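First the structure, in the form of structure tokens, and then the observations on it.
Every number here is computed from the coordinates shown, using simple stated rules; none is lab data. Cβ atoms come from the backbone with ideal geometry, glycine included; neighbour counts cover every protein chain shown.
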Amino acid sequence: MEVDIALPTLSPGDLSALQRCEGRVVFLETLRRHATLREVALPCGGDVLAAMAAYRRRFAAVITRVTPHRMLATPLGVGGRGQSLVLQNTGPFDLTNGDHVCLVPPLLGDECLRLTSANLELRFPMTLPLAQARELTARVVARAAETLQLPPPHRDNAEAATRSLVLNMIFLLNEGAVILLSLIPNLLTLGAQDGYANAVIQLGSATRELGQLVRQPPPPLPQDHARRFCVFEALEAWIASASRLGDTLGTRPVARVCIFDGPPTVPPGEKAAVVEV
Amino acid sequence: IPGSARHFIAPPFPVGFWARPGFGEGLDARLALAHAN
Amino acid sequence: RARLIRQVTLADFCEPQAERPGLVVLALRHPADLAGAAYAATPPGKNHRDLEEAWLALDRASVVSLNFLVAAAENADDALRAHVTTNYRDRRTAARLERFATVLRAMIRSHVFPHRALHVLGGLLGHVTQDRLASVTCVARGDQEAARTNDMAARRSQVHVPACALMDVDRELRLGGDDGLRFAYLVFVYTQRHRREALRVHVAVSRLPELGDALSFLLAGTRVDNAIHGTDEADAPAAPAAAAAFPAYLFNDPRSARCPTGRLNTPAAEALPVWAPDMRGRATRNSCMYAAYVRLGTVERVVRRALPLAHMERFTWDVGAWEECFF
């Protein structure tokens, strides 16, 4: 399948600039074979959180060729998991070999392709390595949680993000979680006997400031503790929930980059091959 | 909310318009015996 | 082309001569490890050997056709029960369906959910049968009609789903959308009330790549009445002590009792406030589990046409991993 984005008439000026958008990604809504430019069109900058929320409801599609009339595309992942393609790195970072990529809405605005004839604009999202897209999502969500190179939020849908966070954080508290919480001093006293252990516990860890303020009695034994053991399913719940935490807030990884001939690191504004997962 | 469960049917008119219950029967049982005697 | 799977098995639950090709089949876990994991998985208060008994009451057999499983649930239209009963050749079949119902109802009661007991294979196309021993063959990737059935009346096939269970979503949620290429999801619906519980099955199609909030709203009544009646039979203690209130006023107190590490056994550190987070009988996550889904593939069209059925259109088999739906 290859989506056919049709174009209205354009002034000879902006068509040439659109021609240089050979690797940026768009966001359709329905996956028909035919489509018109007016359909995929995002408003100007604003609401990084709402936009990030609106990237999981629609699916992506990268484009490969711009004739003076039509516009080829590629439905990113619906049935392909080895479909090699190319997309231009439009983020502020570099992306070395092997690391996965993720779609994140733009920053600061001012990165928007405006077409005079169609009277429309497009906001091609940037592509960051997963390891930093996670951190950016964390930062934006943390700042959103404070209204109970930075744009201010709206409080309209920031509450939805805080809700999605507090849900997963509440459902982590279980009857074995208290058991595991009981050993915080019994863990600190280990963190001062070895170097590695000390480095595993950060400085602003918000729990080192607990092991010095509060004392807790031994926890009460569960209802019928002799038959089942609670700490294990507590830890299993934690593993499963943390495996898909960032997904619930940010965006899933969409492709891992791999190059055979060219140099590994690719600078920004440069087209780099990729396989999708 | 769920389950196709039953609902408590409330008074249609506002709450102020359905009387506090009572029982009015001036027929007294004792003095009736005294008159029949 | 597409690639297939062959699994020899018993003619217990999926009976490839009784149905014609083109219907999804499921793989059933070995029951020994289910019965074992129960021993540690059933919650407090409830029974801890009732799944053992429920299984022993049904006596390798590995596959189960969805056409068979949908019958042994709450939701079903009795026409399909009649079809499965009178159209399956096999002996003692209705009794087995009853026992299987009891098995699944025990599974949810013991907090070992059937979605952790039924991986999904593709749609069967072929089979050779001895006396009560079959070898079904189903697709696993690619589109269904890349195969080649040995019927010689209809070489290719389609995918058939009992229309009684097919729940559409978009036209249901009224997204105002326009039908293009839509995904396909097989979803389970749990409900937990001790000795009064059941399981509902559905097959959902939509353009929504992430179900999540969509089911959370679709199954609102189930989640509601499941979060409150789910903790039942668990002895909760009396009113929680005031010491349970985790003190927050003490974090950025410049003047407060303090204790450096390395002097925490029983020193003159008795002055620290006590806090006993005590959580015994509250709603855990497995208590609020109400649904589970798994992606099946992509679909063009659904038409309804005959026993009622629902013929797919250009189904592309792409099986995904399971998913929880509790929040």
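Scanning the range C:216-232 for residues that are in a loop (DSSP other than H, G, I, E, B), closer than 16 Å to C:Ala292 by Cβ and within 11 Å of chain B (Cβ to nearest Cβ) yields a single hit, C:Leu219. Of the set (1) farther than 30 Å from A:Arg228 by Cβ; (2) away from chain A (no Cβ under 14 Å); (3) surrounded by 17 or more Cβ atoms within 10 Å (Cβ to Cβ); (4) in contact with a strand residue (DSSP E or B) (Cβ under 6 Å, 6 or more places away or on another chain), all apply to C:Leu118 but (1).
Name the single residue that is nearest to A:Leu167 (Cα to Cα) among those in the range A:231-249 being among the β-branched types (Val, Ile, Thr) and out of contact with any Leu (no Cβ under 7 Å at 6 or more places or on another chain). Restricting to residues being among the β-branched types (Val, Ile, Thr) and out of contact with any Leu (no Cβ under 7 Å at 6 or more places or on another chain), the top hit is A:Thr248. One residue alone among A:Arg32, A:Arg58 is touching a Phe, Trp or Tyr at 6+ places or on another chain (Cβ under 6 Å), surrounded by 14 or more Cβ atoms within 10 Å (Cβ to Cβ) and not aliphatic (A, V, I, L, M), and that residue is A:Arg58.
Under the condition of being within 11 Å of another protein chain (Cβ to nearest Cβ) and within 30 Å of C:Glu197 (Cα to Cα), the residues counted in the range C:233-256 number 5. Taking the criterion of being more than 14 Å from C:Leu118 (Cβ to Cβ), of a type in the set (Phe, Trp, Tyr) and assigned to a helix (DSSP H, G or I), would at least one residue in the range C:18-41 satisfy it? The answer is yes; a qualifying residue exists. Restricting attention to the range C:237-270, the residues that are of a type in the set (S, T, N, Q) and surrounded by fewer than 11 Cβ atoms within 10 Å (Cβ to Cβ) add up to 3.
So, A:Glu22, is that one part of a loop (DSSP other than H, G, I, E, B), within 14 Å of chain C (Cβ to nearest Cβ) and surrounded by fewer than 17 Cβ atoms within 10 Å (Cβ to Cβ) or not? Against the criterion (part of a loop (DSSP other than H, G, I, E, B), within 14 Å of chain C (Cβ to nearest Cβ) and surrounded by fewer than 17 Cβ atoms within 10 Å (Cβ to Cβ)), A:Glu22 does not qualify.
Do we have any residue at all in the range C:193-201 that's in a helix (DSSP H, G or I) and within 14 Å of chain B (Cβ to nearest Cβ)? No, the range C:193-201 has no match at all. Could you please give the count of residues in the range C:142-176 that are assigned to a loop (DSSP other than H, G, I, E, B), within 14 Å of chain A (Cβ to nearest Cβ) and closer than 20 Å to C:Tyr293 by Cβ? So the count comes out to 2.
Can you confirm whether C:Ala271 is of a type outside the set (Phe, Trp, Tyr), away from chain B (no Cβ under 14 Å) and outside any loop (DSSP other than H, G, I, E, B)? Criteria not met by C:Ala271. Within the range A:210-264, the set of residues being more than 36 Å from the chain's Cα centre (by Cα) and away from chain C (no Cβ under 12 Å) is empty. On the stretch given as the range A:78-106, residues that are surrounded by fewer than 17 Cβ atoms within 10 Å (Cβ to Cβ) and not aromatic (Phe, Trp, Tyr) total 15.
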